[PDB]
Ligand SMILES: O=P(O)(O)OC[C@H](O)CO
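A single chain comes next, written as structure tokens; it is the form solved without the named molecule.
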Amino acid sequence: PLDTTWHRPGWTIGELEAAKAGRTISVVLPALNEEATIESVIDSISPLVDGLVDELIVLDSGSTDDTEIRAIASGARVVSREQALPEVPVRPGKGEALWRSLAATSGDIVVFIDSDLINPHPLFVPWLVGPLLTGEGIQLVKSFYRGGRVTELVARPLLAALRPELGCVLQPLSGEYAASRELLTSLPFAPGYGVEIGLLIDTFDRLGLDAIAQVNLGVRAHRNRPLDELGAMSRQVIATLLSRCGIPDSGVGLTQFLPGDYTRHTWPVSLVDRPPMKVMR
């Protein structure tokens, strides 16, 4: 489209390493109870360490399963939310984890990869960093791939309504993306599952489409979740999206009625972003 899109990447690893030119690369895997998938994800990236990748961490976000110990056994440095930034009490949600991870990394470039991926290609990271290394003015790279109910029913239609320029983004909510530290530390971080959409919209509003690229990763598999759980995610995405569009959110959580006779449950929603990590230094 009007967006820089690689529908098939082809840089070799040696070219990319050469292109670093003193710049460093950190990789962060946020993880909450992903014991089943975490090892395969770590193993897919660790051969790059001390070479193309200078740093790899798992940001453990309060797991109560064997996530941390399995990650350690895969040679990964595991960092709790508390260790990333101990002077600041921990809030729940993904955005907190990603924001904190900036304080636990040092790379000029930062790559995020979700830890719930089922057997990810070992070229995910090179493909994401390609445009940052060989491009001009690129500061953010989003992935896409080949059922994404929230993406196609919520985020993309809302983008069409309120930021149609971002209509060309195939996977705005993708947990796999890369960006410059300079950008990331200059942006606020939305709470919960709002974090990705916020970064995308803020980036666009600030630098326009020319600073954004997207790359095809092929076909990704993962643990599809419960509708009930995607309600809360959609709610936070909506809250975050409306905010960027200058629209006031009620702050009222989604309520759900579960049949058993029905019982009612209300999920939390947050209207508070974390500020740019820059202000913390």
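Shifts are known only where both forms have a C-alpha. Take the two forms, find the largest set of C-alpha atoms that superpose within 1.5 Å, and that set is the rigid core. One-based numbering along the sequence shown.
The same protein also exists as the form deposited with the named molecule bound; that form is not shown, yet it is the one meant from here on.
Engineer: Report yes if any heavy atom of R149 sits within 4.5 Å of a heavy atom of the named molecule in the deposited complex; otherwise report no.
Structural biologist: Answer yes; at least one heavy atom of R149 falls within 4.5 Å of the named molecule in the deposited complex.
Engineer: With the partner left out of view, is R220 within 4.5 angstroms of the named molecule in the deposited complex by any non-hydrogen atom?
Structural biologist: Heavy-atom contact with the named molecule at 4.5 Å: present for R220.
Engineer: Might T64 be said to contact the named molecule in the deposited complex, defining contact as any heavy atom within 4.5 Å?
Structural biologist: Output for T64 is no: heavy atoms all beyond 4.5 Å of the named molecule.
Engineer: Would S250 count as touching the named molecule in the deposited complex under a 4.5 Å heavy atom rule?
Structural biologist: Although the named molecule is absent here, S250 would stay clear of it in the deposited complex, with no heavy atoms inside 4.5 Å.
Engineer: For the interface check, one of 199-207, 149-157, 178-186, 131-139 should have non-hydrogen atoms within 4.5 Å of the named molecule in the deposited complex; which one?
Structural biologist: One stretch meets the cut-off, namely 149-157.
Engineer: Which segments, of 3 or more consecutive residues, undergo C-alpha shifts of no less than 2 angstroms between the shown form and the other one following superposition on the core?
Structural biologist: Moving stretch: 1-8 alone.
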